[PDB]
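The data block below is start07.cif; it holds mmCIF, C-alpha atoms and all ligand atoms.
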data_query
#
loop_
_atom_site.group_PDB
_atom_site.id
_atom_site.type_symbol
_atom_site.label_atom_id
_atom_site.label_comp_id
_atom_site.auth_asym_id
_atom_site.auth_seq_id
_atom_site.Cartn_x
_atom_site.Cartn_y
_atom_site.Cartn_z
ATOM 1 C CA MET W 1 320.577 -12.977 -81.706
ATOM 2 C CA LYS W 2 320.749 -9.530 -83.315
ATOM 3 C CA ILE W 3 318.823 -8.687 -86.502
ATOM 4 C CA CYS W 4 316.705 -5.809 -87.838
ATOM 5 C CA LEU W 5 313.095 -6.611 -86.937
ATOM 6 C CA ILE W 6 310.572 -5.029 -89.317
ATOM 7 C CA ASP W 7 306.790 -5.005 -88.981
ATOM 8 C CA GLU W 8 304.868 -4.788 -92.255
ATOM 9 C CA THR W 9 301.571 -6.183 -90.965
ATOM 10 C CA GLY W 10 299.775 -3.025 -89.917
ATOM 11 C CA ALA W 11 298.128 -5.047 -87.140
ATOM 12 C CA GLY W 12 299.684 -3.550 -84.020
ATOM 13 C CA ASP W 13 298.855 -6.696 -82.040
ATOM 14 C CA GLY W 14 302.439 -7.279 -80.962
ATOM 15 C CA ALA W 15 302.954 -10.349 -83.152
ATOM 16 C CA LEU W 16 306.544 -9.342 -83.969
ATOM 17 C CA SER W 17 307.361 -8.560 -80.331
ATOM 18 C CA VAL W 18 305.933 -11.930 -79.273
ATOM 19 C CA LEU W 19 307.974 -13.632 -81.997
ATOM 20 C CA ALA W 20 311.226 -11.952 -80.955
ATOM 21 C CA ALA W 21 310.618 -12.901 -77.320
ATOM 22 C CA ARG W 22 309.780 -16.499 -78.230
ATOM 23 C CA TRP W 23 312.950 -16.903 -80.315
ATOM 24 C CA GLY W 24 315.144 -14.617 -78.238
ATOM 25 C CA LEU W 25 315.719 -12.121 -81.043
ATOM 26 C CA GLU W 26 317.169 -8.666 -80.377
ATOM 27 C CA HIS W 27 316.262 -5.759 -82.625
ATOM 28 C CA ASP W 28 319.349 -4.238 -84.266
ATOM 29 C CA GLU W 29 318.468 -1.087 -86.241
ATOM 30 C CA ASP W 30 321.665 -1.013 -88.264
ATOM 31 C CA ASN W 31 321.870 -4.767 -88.857
ATOM 32 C CA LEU W 32 322.867 -6.003 -92.319
ATOM 33 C CA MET W 33 320.013 -8.539 -92.202
ATOM 34 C CA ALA W 34 316.293 -7.948 -91.611
ATOM 35 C CA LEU W 35 313.536 -10.264 -90.423
ATOM 36 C CA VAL W 36 310.237 -8.903 -91.718
ATOM 37 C CA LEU W 37 306.734 -9.935 -90.683
ATOM 38 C CA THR W 38 304.443 -9.351 -93.681
ATOM 39 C CA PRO W 39 300.718 -10.036 -94.141
ATOM 40 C CA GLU W 40 301.666 -13.142 -96.097
ATOM 41 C CA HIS W 41 304.586 -14.544 -94.088
ATOM 42 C CA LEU W 42 307.822 -13.989 -92.184
ATOM 43 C CA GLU W 43 310.767 -13.417 -94.532
ATOM 44 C CA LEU W 44 314.512 -12.724 -94.387
ATOM 45 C CA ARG W 45 316.095 -9.834 -96.310
ATOM 46 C CA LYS W 46 319.625 -8.678 -97.152
ATOM 47 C CA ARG W 47 319.161 -4.934 -96.596
ATOM 48 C CA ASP W 48 322.106 -3.905 -98.804
ATOM 49 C CA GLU W 49 320.821 -5.967 -101.719
ATOM 50 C CA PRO W 50 317.055 -5.416 -102.228
ATOM 51 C CA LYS W 51 317.302 -6.887 -105.728
ATOM 52 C CA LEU W 52 317.766 -10.287 -104.090
ATOM 53 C CA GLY W 53 314.303 -9.955 -102.585
ATOM 54 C CA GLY W 54 313.192 -11.765 -99.461
ATOM 55 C CA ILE W 55 313.307 -15.467 -98.648
ATOM 56 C CA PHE W 56 310.730 -17.439 -96.693
ATOM 57 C CA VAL W 57 309.844 -21.067 -96.031
ATOM 58 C CA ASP W 58 306.919 -22.271 -98.125
ATOM 59 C CA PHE W 59 305.900 -25.949 -98.090
ATOM 60 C CA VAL W 60 302.675 -25.268 -99.984
ATOM 61 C CA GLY W 61 303.942 -23.495 -103.086
ATOM 62 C CA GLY W 62 306.949 -22.277 -105.010
ATOM 63 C CA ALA W 63 310.108 -24.346 -105.339
ATOM 64 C CA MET W 64 309.124 -26.850 -102.651
ATOM 65 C CA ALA W 65 305.815 -27.720 -104.340
ATOM 66 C CA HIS W 66 307.555 -28.034 -107.708
ATOM 67 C CA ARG W 67 310.200 -30.372 -106.260
ATOM 68 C CA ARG W 68 307.500 -32.476 -104.584
ATOM 69 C CA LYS W 69 305.780 -33.014 -107.912
ATOM 70 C CA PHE W 70 308.792 -33.278 -110.242
ATOM 71 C CA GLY W 71 311.639 -34.179 -107.891
ATOM 72 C CA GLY W 72 310.975 -37.913 -107.936
ATOM 73 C CA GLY W 73 310.204 -38.478 -104.263
ATOM 74 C CA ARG W 74 311.620 -41.874 -103.328
ATOM 75 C CA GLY W 75 313.661 -41.440 -106.483
ATOM 76 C CA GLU W 76 315.506 -38.419 -105.081
ATOM 77 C CA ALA W 77 319.221 -38.744 -104.321
ATOM 78 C CA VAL W 78 318.673 -37.860 -100.673
ATOM 79 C CA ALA W 79 315.805 -40.369 -100.431
ATOM 80 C CA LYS W 80 317.968 -43.175 -101.774
ATOM 81 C CA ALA W 81 320.791 -42.170 -99.429
ATOM 82 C CA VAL W 82 318.583 -42.457 -96.336
ATOM 83 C CA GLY W 83 317.698 -45.958 -97.482
ATOM 84 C CA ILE W 84 314.106 -45.474 -98.615
ATOM 85 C CA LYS W 85 313.126 -48.636 -100.516
ATOM 86 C CA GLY W 86 309.832 -50.393 -101.112
ATOM 87 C CA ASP W 87 307.694 -50.014 -97.996
ATOM 88 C CA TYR W 88 310.692 -49.133 -95.826
ATOM 89 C CA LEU W 89 310.148 -45.546 -94.625
ATOM 90 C CA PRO W 90 312.617 -44.895 -91.758
ATOM 91 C CA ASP W 91 312.089 -42.376 -88.995
ATOM 92 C CA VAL W 92 314.570 -39.599 -89.654
ATOM 93 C CA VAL W 93 316.128 -36.861 -87.571
ATOM 94 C CA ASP W 94 317.401 -33.919 -89.625
ATOM 95 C CA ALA W 95 320.009 -32.534 -87.254
ATOM 96 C CA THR W 96 320.611 -29.459 -89.445
ATOM 97 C CA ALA W 97 317.141 -28.308 -90.669
ATOM 98 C CA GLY W 98 318.034 -25.026 -92.382
ATOM 99 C CA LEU W 99 315.233 -24.222 -94.828
ATOM 100 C CA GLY W 100 313.856 -27.722 -94.390
ATOM 101 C CA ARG W 101 314.022 -28.506 -98.105
ATOM 102 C CA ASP W 102 315.501 -32.011 -97.743
ATOM 103 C CA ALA W 103 313.389 -32.654 -94.645
ATOM 104 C CA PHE W 104 310.213 -31.848 -96.559
ATOM 105 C CA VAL W 105 311.133 -34.251 -99.364
ATOM 106 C CA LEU W 106 311.670 -37.120 -96.936
ATOM 107 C CA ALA W 107 308.410 -36.362 -95.100
ATOM 108 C CA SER W 108 306.556 -36.093 -98.432
ATOM 109 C CA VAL W 109 307.688 -39.561 -99.464
ATOM 110 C CA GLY W 110 306.264 -40.967 -96.250
ATOM 111 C CA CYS W 111 308.983 -40.670 -93.582
ATOM 112 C CA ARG W 112 308.359 -39.326 -90.086
ATOM 113 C CA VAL W 113 310.888 -36.508 -89.715
ATOM 114 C CA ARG W 114 312.045 -34.500 -86.708
ATOM 115 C CA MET W 115 313.958 -31.327 -87.579
ATOM 116 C CA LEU W 116 316.533 -29.717 -85.321
ATOM 117 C CA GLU W 117 317.602 -26.093 -85.776
ATOM 118 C CA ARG W 118 319.734 -24.023 -83.430
ATOM 119 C CA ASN W 119 319.801 -20.690 -85.288
ATOM 120 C CA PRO W 120 316.934 -18.650 -83.778
ATOM 121 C CA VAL W 121 316.301 -16.677 -86.981
ATOM 122 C CA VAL W 122 316.266 -19.824 -89.132
ATOM 123 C CA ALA W 123 313.985 -21.552 -86.618
ATOM 124 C CA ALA W 124 311.626 -18.551 -86.636
ATOM 125 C CA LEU W 125 311.460 -18.747 -90.443
ATOM 126 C CA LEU W 126 310.831 -22.504 -90.369
ATOM 127 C CA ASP W 127 308.198 -22.215 -87.659
ATOM 128 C CA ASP W 128 306.296 -19.629 -89.753
ATOM 129 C CA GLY W 129 306.440 -21.897 -92.793
ATOM 130 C CA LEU W 130 305.313 -24.831 -90.685
ATOM 131 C CA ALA W 131 302.366 -22.841 -89.343
ATOM 132 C CA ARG W 132 301.272 -22.072 -92.898
ATOM 133 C CA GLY W 133 301.978 -25.654 -93.921
ATOM 134 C CA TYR W 134 299.967 -27.249 -91.118
ATOM 135 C CA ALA W 135 297.088 -24.925 -92.048
ATOM 136 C CA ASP W 136 297.007 -26.084 -95.682
ATOM 137 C CA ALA W 137 293.829 -28.040 -96.387
ATOM 138 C CA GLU W 138 295.727 -30.422 -98.656
ATOM 139 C CA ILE W 139 299.074 -31.281 -97.033
ATOM 140 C CA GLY W 140 298.390 -29.879 -93.571
ATOM 141 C CA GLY W 141 297.111 -33.176 -92.239
ATOM 142 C CA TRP W 142 300.104 -35.377 -92.977
ATOM 143 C CA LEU W 143 302.606 -32.524 -92.645
ATOM 144 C CA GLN W 144 301.761 -32.034 -88.976
ATOM 145 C CA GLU W 145 302.167 -35.758 -88.428
ATOM 146 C CA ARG W 146 305.385 -36.330 -90.353
ATOM 147 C CA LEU W 147 307.310 -33.076 -89.946
ATOM 148 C CA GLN W 148 308.064 -31.511 -86.573
ATOM 149 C CA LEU W 149 310.546 -28.792 -85.634
ATOM 150 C CA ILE W 150 312.720 -28.863 -82.526
ATOM 151 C CA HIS W 151 314.681 -25.772 -81.486
ATOM 152 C CA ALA W 152 317.963 -27.190 -80.178
ATOM 153 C CA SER W 153 321.582 -28.005 -80.964
ATOM 154 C CA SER W 154 322.193 -31.487 -82.354
ATOM 155 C CA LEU W 155 325.655 -31.351 -80.812
ATOM 156 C CA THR W 156 324.091 -31.996 -77.405
ATOM 157 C CA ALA W 157 320.434 -32.803 -78.071
ATOM 158 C CA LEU W 158 320.949 -35.848 -80.289
ATOM 159 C CA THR W 159 321.986 -38.125 -77.410
ATOM 160 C CA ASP W 160 318.668 -38.025 -75.541
ATOM 161 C CA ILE W 161 316.467 -38.286 -78.634
ATOM 162 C CA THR W 162 313.656 -40.807 -78.158
ATOM 163 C CA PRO W 163 312.390 -42.812 -79.843
ATOM 164 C CA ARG W 164 315.667 -43.449 -81.658
ATOM 165 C CA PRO W 165 315.445 -42.786 -85.413
ATOM 166 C CA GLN W 166 316.720 -45.286 -87.973
ATOM 167 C CA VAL W 167 318.548 -42.483 -89.777
ATOM 168 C CA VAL W 168 320.178 -39.150 -88.963
ATOM 169 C CA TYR W 169 320.638 -36.646 -91.779
ATOM 170 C CA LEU W 170 323.457 -34.109 -91.621
ATOM 171 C CA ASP W 171 323.945 -31.093 -93.865
ATOM 172 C CA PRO W 172 325.727 -28.401 -91.838
ATOM 173 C CA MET W 173 326.779 -25.232 -93.661
ATOM 174 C CA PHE W 174 330.115 -26.041 -95.288
ATOM 175 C CA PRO W 175 332.797 -23.308 -95.720
ATOM 176 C CA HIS W 176 332.059 -22.649 -99.408
ATOM 177 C CA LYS W 177 334.746 -20.708 -101.315
ATOM 178 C CA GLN W 178 333.705 -21.292 -104.927
ATOM 179 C CA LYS W 184 320.943 -18.082 -106.789
ATOM 180 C CA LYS W 185 319.421 -15.109 -104.959
ATOM 181 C CA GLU W 186 317.853 -17.356 -102.332
ATOM 182 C CA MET W 187 321.172 -18.915 -101.353
ATOM 183 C CA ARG W 188 322.925 -15.548 -101.291
ATOM 184 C CA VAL W 189 320.412 -14.228 -98.770
ATOM 185 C CA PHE W 190 320.424 -17.382 -96.651
ATOM 186 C CA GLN W 191 324.235 -17.647 -96.645
ATOM 187 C CA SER W 192 324.543 -14.007 -95.597
ATOM 188 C CA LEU W 193 322.797 -15.073 -92.396
ATOM 189 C CA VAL W 194 324.156 -18.574 -91.949
ATOM 190 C CA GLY W 195 327.913 -18.752 -92.074
ATOM 191 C CA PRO W 196 330.086 -21.892 -91.905
ATOM 192 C CA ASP W 197 329.160 -24.134 -88.973
ATOM 193 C CA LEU W 198 332.570 -24.160 -87.277
ATOM 194 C CA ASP W 199 331.757 -27.131 -85.016
ATOM 195 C CA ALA W 200 330.135 -29.300 -87.677
ATOM 196 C CA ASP W 201 332.752 -32.075 -87.518
ATOM 197 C CA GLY W 202 331.444 -32.773 -84.030
ATOM 198 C CA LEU W 203 328.084 -33.998 -85.357
ATOM 199 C CA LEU W 204 329.199 -37.311 -86.860
ATOM 200 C CA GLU W 205 329.996 -39.072 -83.554
ATOM 201 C CA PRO W 206 326.702 -38.327 -81.797
ATOM 202 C CA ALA W 207 324.786 -38.938 -85.031
ATOM 203 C CA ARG W 208 326.129 -42.459 -85.516
ATOM 204 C CA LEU W 209 325.339 -43.277 -81.888
ATOM 205 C CA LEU W 210 321.734 -42.084 -82.146
ATOM 206 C CA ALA W 211 320.841 -43.620 -85.520
ATOM 207 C CA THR W 212 320.104 -47.350 -85.418
ATOM 208 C CA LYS W 213 320.555 -47.897 -89.145
ATOM 209 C CA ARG W 214 322.354 -45.067 -90.893
ATOM 210 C CA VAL W 215 323.809 -41.571 -90.906
ATOM 211 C CA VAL W 216 323.791 -39.561 -94.136
ATOM 212 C CA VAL W 217 326.030 -36.514 -94.626
ATOM 213 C CA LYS W 218 325.595 -34.115 -97.546
ATOM 214 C CA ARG W 219 328.940 -32.978 -98.981
ATOM 215 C CA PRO W 220 329.791 -30.796 -101.995
ATOM 216 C CA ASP W 221 332.199 -32.132 -104.638
ATOM 217 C CA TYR W 222 335.787 -32.542 -103.419
ATOM 218 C CA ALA W 223 334.746 -31.575 -99.891
ATOM 219 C CA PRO W 224 336.423 -33.778 -97.253
ATOM 220 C CA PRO W 225 334.202 -36.226 -95.356
ATOM 221 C CA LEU W 226 332.765 -34.919 -92.086
ATOM 222 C CA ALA W 227 335.284 -35.265 -89.243
ATOM 223 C CA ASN W 228 337.723 -36.723 -91.795
ATOM 224 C CA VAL W 229 336.026 -40.096 -91.333
ATOM 225 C CA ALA W 230 336.206 -41.766 -94.737
ATOM 226 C CA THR W 231 333.409 -43.995 -95.981
ATOM 227 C CA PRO W 232 333.132 -46.287 -99.029
ATOM 228 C CA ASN W 233 329.366 -45.782 -99.391
ATOM 229 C CA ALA W 234 327.789 -42.667 -100.901
ATOM 230 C CA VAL W 235 325.143 -41.496 -103.358
ATOM 231 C CA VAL W 236 326.642 -39.272 -106.030
ATOM 232 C CA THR W 237 324.753 -36.528 -107.849
ATOM 233 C CA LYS W 238 325.789 -33.476 -109.861
ATOM 234 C CA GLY W 239 327.593 -31.023 -107.611
ATOM 235 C CA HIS W 240 327.462 -33.006 -104.376
ATOM 236 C CA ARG W 241 327.390 -36.459 -102.774
ATOM 237 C CA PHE W 242 325.727 -38.094 -99.778
ATOM 238 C CA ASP W 243 328.197 -39.945 -97.561
ATOM 239 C CA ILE W 244 326.686 -43.007 -95.904
ATOM 240 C CA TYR W 245 327.796 -44.306 -92.498
ATOM 241 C CA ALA W 246 326.567 -47.125 -90.302
ATOM 242 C CA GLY W 247 324.574 -46.348 -87.168
ATOM 243 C CA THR W 248 324.435 -48.223 -83.862
ATOM 244 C CA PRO W 249 321.976 -51.169 -83.933
ATOM 245 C CA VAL W 250 319.788 -51.655 -80.872
HETATM 246 N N1 LIG Y 1 323.906 -28.676 -83.909
HETATM 247 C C1 LIG Y 1 322.965 -28.098 -84.656
HETATM 248 N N2 LIG Y 1 321.683 -28.148 -84.232
HETATM 249 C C2 LIG Y 1 320.735 -27.568 -84.981
HETATM 250 N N3 LIG Y 1 320.857 -26.916 -86.136
HETATM 251 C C3 LIG Y 1 322.143 -26.885 -86.530
HETATM 252 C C4 LIG Y 1 323.226 -27.436 -85.869
HETATM 253 N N4 LIG Y 1 324.400 -27.204 -86.573
HETATM 254 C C5 LIG Y 1 324.008 -26.533 -87.630
HETATM 255 N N5 LIG Y 1 322.650 -26.303 -87.664
HETATM 256 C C6 LIG Y 1 321.863 -25.774 -88.773
HETATM 257 O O1 LIG Y 1 322.036 -26.603 -89.888
HETATM 258 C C7 LIG Y 1 321.553 -25.884 -91.046
HETATM 259 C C8 LIG Y 1 322.256 -26.416 -92.271
HETATM 260 S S1 LIG Y 1 321.842 -25.515 -93.775
HETATM 261 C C9 LIG Y 1 321.202 -26.804 -94.867
HETATM 262 C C10 LIG Y 1 319.691 -26.745 -95.045
HETATM 263 C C11 LIG Y 1 319.066 -28.073 -95.485
HETATM 264 N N6 LIG Y 1 320.123 -28.986 -95.999
HETATM 265 C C12 LIG Y 1 318.042 -27.819 -96.583
HETATM 266 O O2 LIG Y 1 317.493 -28.810 -97.108
HETATM 267 O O3 LIG Y 1 317.797 -26.636 -96.906
HETATM 268 C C13 LIG Y 1 321.794 -24.404 -90.720
HETATM 269 O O4 LIG Y 1 320.578 -23.669 -90.833
HETATM 270 C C14 LIG Y 1 322.311 -24.404 -89.273
HETATM 271 O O5 LIG Y 1 321.748 -23.395 -88.459
#
Would you write the structure of this file as structure tokens?
Amino acid sequence: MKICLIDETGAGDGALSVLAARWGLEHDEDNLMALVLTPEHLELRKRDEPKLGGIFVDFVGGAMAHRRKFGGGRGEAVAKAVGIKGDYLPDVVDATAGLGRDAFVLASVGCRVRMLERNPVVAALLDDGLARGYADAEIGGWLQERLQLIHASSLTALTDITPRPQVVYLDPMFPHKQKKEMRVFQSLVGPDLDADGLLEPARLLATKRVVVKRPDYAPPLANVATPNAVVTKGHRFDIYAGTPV
């Protein structure tokens, strides 16, 4: 995948070159997007709009830490959609990791989560955040145990997932027509054209449920209607049945 690779570490140890090789990234000097390795973290920038700043995955601070403390945890809309209740903490597979925001919430409540991400740049950003997260003296311990990243496509990797999770969470990038962070991220990640193909394999893998995030008025994934869903402001979480063992 092409992208402008920028080194702002001053180390000269080849960290960026190793990272590009590992994720199969190709340097593109005139690319609209830039992946920058800084002394603090790996971030993504929209070169034509510096005012938007850079975005990076941070499980320890910022917005994720604020949501963990004030979001409600088991009380979150996504947590109730996955079925979290009482001492029931299902194993979850987030087939569309992205920035890992929803994944982190579920793992923070107590769920064991496996994240899948096929975009090499996104995966690189998540892996850097995970490295910093695992290193945290406070959450590093449980984070490493309840949140793992898998670089693969859920369209074909979901089938052979073992052990089978009770729930599969789906939030592919929808073709939005209607903040800074989102503008930068969406400039990289366009609509996932083959998203409708995730429902079938997801319902076969999950033993209990499949949750699909959908914005208001957006059609259900794969046009498969469902009577169950958690509704919040702006979006809803469609709930489907899985395939019991
Ligand atoms: N088959 C697939 N396998 C892995 N990742 C996939 C995928 N189809 C789409 N994706 C990823 O799914 C992500 C959805 S973006 C949503 C991010 C997430 N809801 C959050 O909490 O932030 C995108 O980054 C896209 O690259």
Could you name the residues that touch residue W:94 at 9 Å or less, counting only C-alpha atoms, but leaving out those on the same chain fewer than 2 positions away, as an MDAnalysis selection string?
-> chainID W and resid 92 96:97 100 102:103 113:117 167:171
Kindly compute an axis-aligned box around the listed atoms of ligand LIG 1 (chain Y), allowing 4 Å on each side, and express its centre and edge lengths in Å to one decimal as lines of an AutoDock Vina configuration file.
center_x = 320.9
center_y = -26.2
center_z = -90.5
size_x = 14.9
size_y = 13.6
size_z = 21.2
Counting all atoms listed in the file, which protein, DNA or RNA residues come within 8 Å of ligand LIG 1 (chain Y), given as a PyMOL selection string?
-> chain W and resi 95-104+116-119+122+151-157+170-173+194+197+199-200+203+218
Which one of W:220, W:83, W:54, W:10 sits closest to residue W:238 if you count only C-alpha atoms?
-> W:220
Step by step: start from the point (313.9, -33.0, -102.6) in the file's coordinates, keep every protein, DNA or RNA residue that has an atom no farther than 10 Å from it, count only C-alpha atoms, and write the set as JSON, numbers by chain.
-> {"W": [63, 64, 65, 66, 67, 68, 69, 70, 71, 72, 73, 74, 75, 76, 77, 78, 79, 100, 101, 102, 103, 104, 105, 106, 107, 108, 109]}
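Using only C-alpha atoms for every distance, the candidate list W:137, W:111, W:196, W:80 yields W:80 as the residue closest to residue W:237.
Our summary of the geometry notes that atom CA of residue W:198 is positioned 25.4 Å from atom CA of residue W:20.
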Quick one: everything within 6 Å of residue W:242, counting all atoms listed in the file, minus sequence neighbours fewer than 5 positions away in the same chain. Send it as a PyMOL selection string.
-> chain W and resi 217-218+234-235
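For the pair atom CA of residue W:139 and atom CA of residue W:55, the separation is 21.3 Å.
In this model, the gap between atom CA of residue W:28 and atom CA of residue W:192 comes to 15.8 Å.
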Name the residues within 10 Å of (318.9, -42.6, -91.0), counting all atoms listed in the file in the file's coordinates, and put them as a compact mmCIF listing (two decimals) with C-alpha atoms, keeping the file's coordinate frame.
# COMPACT_ATOMS: atom_id res chain seq x y z
CA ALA W 81 320.79 -42.17 -99.43
CA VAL W 82 318.58 -42.46 -96.34
CA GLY W 83 317.70 -45.96 -97.48
CA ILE W 84 314.11 -45.47 -98.62
CA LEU W 89 310.15 -45.55 -94.62
CA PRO W 90 312.62 -44.90 -91.76
CA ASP W 91 312.09 -42.38 -89.00
CA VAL W 92 314.57 -39.60 -89.65
CA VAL W 93 316.13 -36.86 -87.57
CA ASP W 94 317.40 -33.92 -89.62
CA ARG W 164 315.67 -43.45 -81.66
CA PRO W 165 315.44 -42.79 -85.41
CA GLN W 166 316.72 -45.29 -87.97
CA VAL W 167 318.55 -42.48 -89.78
CA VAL W 168 320.18 -39.15 -88.96
CA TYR W 169 320.64 -36.65 -91.78
CA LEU W 170 323.46 -34.11 -91.62
CA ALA W 207 324.79 -38.94 -85.03
CA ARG W 208 326.13 -42.46 -85.52
CA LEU W 210 321.73 -42.08 -82.15
CA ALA W 211 320.84 -43.62 -85.52
CA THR W 212 320.10 -47.35 -85.42
CA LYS W 213 320.56 -47.90 -89.14
CA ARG W 214 322.35 -45.07 -90.89
CA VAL W 215 323.81 -41.57 -90.91
CA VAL W 216 323.79 -39.56 -94.14
CA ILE W 244 326.69 -43.01 -95.90
CA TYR W 245 327.80 -44.31 -92.50
CA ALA W 246 326.57 -47.12 -90.30
CA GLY W 247 324.57 -46.35 -87.17
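The residues caught by the PyMOL selection byres (((chain W and resi 184-189) around 8) and not hetatm) in this file are residues 44, 45, 46, 52, 53, 54, 55, 190, 191, 192 and 193 of chain W.
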What would the selection look like, as an mmCIF file with C-alpha atoms, in the frame of the given file, if the PyMOL selection byres (((chain W and resi 146) around 6) and not hetatm) were run on the coordinates I just shared?
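File result_4.cif, as written:
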data_model
loop_
_atom_site.group_PDB
_atom_site.id
_atom_site.type_symbol
_atom_site.label_atom_id
_atom_site.label_comp_id
_atom_site.auth_asym_id
_atom_site.auth_seq_id
_atom_site.Cartn_x
_atom_site.Cartn_y
_atom_site.Cartn_z
ATOM 1 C CA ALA W 107 308.410 -36.362 -95.100
ATOM 2 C CA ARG W 112 308.359 -39.326 -90.086
ATOM 3 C CA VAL W 113 310.888 -36.508 -89.715
ATOM 4 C CA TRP W 142 300.104 -35.377 -92.977
ATOM 5 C CA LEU W 143 302.606 -32.524 -92.645
ATOM 6 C CA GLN W 144 301.761 -32.034 -88.976
ATOM 7 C CA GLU W 145 302.167 -35.758 -88.428
ATOM 8 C CA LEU W 147 307.310 -33.076 -89.946
#
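If you measure from each of W:19, W:250, W:32, W:37 to residue W:6 using all atoms listed in the file, the closest one turns out to be W:37.
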Once the PyMOL selection byres (((chain W and resi 228) around 12) and not hetatm) has been evaluated on this model, what residues remain selected, and can you format them as a PDB file with C-alpha atoms, keeping the file's coordinate frame?
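Below is the file that was written, part_29.pdb:
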ATOM      1  CA  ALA W 200     330.135 -29.300 -87.677  1.00  0.00           C
ATOM      2  CA  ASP W 201     332.752 -32.075 -87.518  1.00  0.00           C
ATOM      3  CA  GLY W 202     331.444 -32.773 -84.030  1.00  0.00           C
ATOM      4  CA  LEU W 203     328.084 -33.998 -85.357  1.00  0.00           C
ATOM      5  CA  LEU W 204     329.199 -37.311 -86.860  1.00  0.00           C
ATOM      6  CA  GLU W 205     329.996 -39.072 -83.554  1.00  0.00           C
ATOM      7  CA  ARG W 219     328.940 -32.978 -98.981  1.00  0.00           C
ATOM      8  CA  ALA W 223     334.746 -31.575 -99.891  1.00  0.00           C
ATOM      9  CA  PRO W 224     336.423 -33.778 -97.253  1.00  0.00           C
ATOM     10  CA  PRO W 225     334.202 -36.226 -95.356  1.00  0.00           C
ATOM     11  CA  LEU W 226     332.765 -34.919 -92.086  1.00  0.00           C
ATOM     12  CA  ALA W 227     335.284 -35.265 -89.243  1.00  0.00           C
ATOM     13  CA  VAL W 229     336.026 -40.096 -91.333  1.00  0.00           C
ATOM     14  CA  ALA W 230     336.206 -41.766 -94.737  1.00  0.00           C
ATOM     15  CA  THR W 231     333.409 -43.995 -95.981  1.00  0.00           C
ATOM     16  CA  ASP W 243     328.197 -39.945 -97.561  1.00  0.00           C
TER      17      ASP W 243
END
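Among the candidates W:221, W:160, W:49, W:29, the one nearest to residue W:3 when counting all atoms listed in the file is W:29.
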Supply stretch 206-216 of chain W as a PDB file, in the frame of the given file, with N, CA, C and O atoms built in where the input has gaps.
ATOM      1  N   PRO W 206     328.010 -38.165 -82.431  1.00  0.00           N
ATOM      2  CA  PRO W 206     326.702 -38.327 -81.797  1.00  0.00           C
ATOM      3  C   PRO W 206     325.631 -38.825 -82.763  1.00  0.00           C
ATOM      4  O   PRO W 206     324.694 -39.508 -82.356  1.00  0.00           O
ATOM      5  N   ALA W 207     325.769 -38.500 -84.044  1.00  0.00           N
ATOM      6  CA  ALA W 207     324.786 -38.938 -85.031  1.00  0.00           C
ATOM      7  C   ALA W 207     324.810 -40.452 -85.216  1.00  0.00           C
ATOM      8  O   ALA W 207     323.762 -41.096 -85.258  1.00  0.00           O
ATOM      9  N   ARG W 208     326.006 -41.021 -85.323  1.00  0.00           N
ATOM     10  CA  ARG W 208     326.129 -42.459 -85.516  1.00  0.00           C
ATOM     11  C   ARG W 208     325.722 -43.251 -84.277  1.00  0.00           C
ATOM     12  O   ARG W 208     325.402 -44.432 -84.371  1.00  0.00           O
ATOM     13  N   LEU W 209     325.728 -42.605 -83.118  1.00  0.00           N
ATOM     14  CA  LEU W 209     325.339 -43.277 -81.888  1.00  0.00           C
ATOM     15  C   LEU W 209     323.823 -43.275 -81.752  1.00  0.00           C
ATOM     16  O   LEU W 209     323.242 -44.233 -81.235  1.00  0.00           O
ATOM     17  N   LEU W 210     323.186 -42.204 -82.222  1.00  0.00           N
ATOM     18  CA  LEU W 210     321.734 -42.084 -82.146  1.00  0.00           C
ATOM     19  C   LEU W 210     321.019 -42.941 -83.187  1.00  0.00           C
ATOM     20  O   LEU W 210     320.083 -43.671 -82.859  1.00  0.00           O
ATOM     21  N   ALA W 211     321.456 -42.852 -84.439  1.00  0.00           N
ATOM     22  CA  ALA W 211     320.841 -43.620 -85.520  1.00  0.00           C
ATOM     23  C   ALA W 211     321.036 -45.118 -85.308  1.00  0.00           C
ATOM     24  O   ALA W 211     322.105 -45.555 -84.892  1.00  0.00           O
ATOM     25  N   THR W 212     320.005 -45.906 -85.595  1.00  0.00           N
ATOM     26  CA  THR W 212     320.104 -47.350 -85.418  1.00  0.00           C
ATOM     27  C   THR W 212     320.521 -48.028 -86.717  1.00  0.00           C
ATOM     28  O   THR W 212     321.111 -49.112 -86.712  1.00  0.00           O
ATOM     29  N   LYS W 213     320.238 -47.362 -87.832  1.00  0.00           N
ATOM     30  CA  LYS W 213     320.555 -47.897 -89.145  1.00  0.00           C
ATOM     31  C   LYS W 213     321.603 -47.117 -89.931  1.00  0.00           C
ATOM     32  O   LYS W 213     322.588 -47.685 -90.395  1.00  0.00           O
ATOM     33  N   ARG W 214     321.410 -45.813 -90.082  1.00  0.00           N
ATOM     34  CA  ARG W 214     322.354 -45.067 -90.893  1.00  0.00           C
ATOM     35  C   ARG W 214     322.447 -43.571 -90.604  1.00  0.00           C
ATOM     36  O   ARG W 214     321.551 -42.968 -90.017  1.00  0.00           O
ATOM     37  N   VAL W 215     323.561 -42.993 -91.036  1.00  0.00           N
ATOM     38  CA  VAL W 215     323.809 -41.571 -90.906  1.00  0.00           C
ATOM     39  C   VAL W 215     324.227 -41.105 -92.291  1.00  0.00           C
ATOM     40  O   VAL W 215     325.163 -41.647 -92.879  1.00  0.00           O
ATOM     41  N   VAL W 216     323.515 -40.111 -92.813  1.00  0.00           N
ATOM     42  CA  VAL W 216     323.791 -39.561 -94.136  1.00  0.00           C
ATOM     43  C   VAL W 216     324.325 -38.137 -94.000  1.00  0.00           C
ATOM     44  O   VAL W 216     323.745 -37.315 -93.288  1.00  0.00           O
TER      45      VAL W 216
END
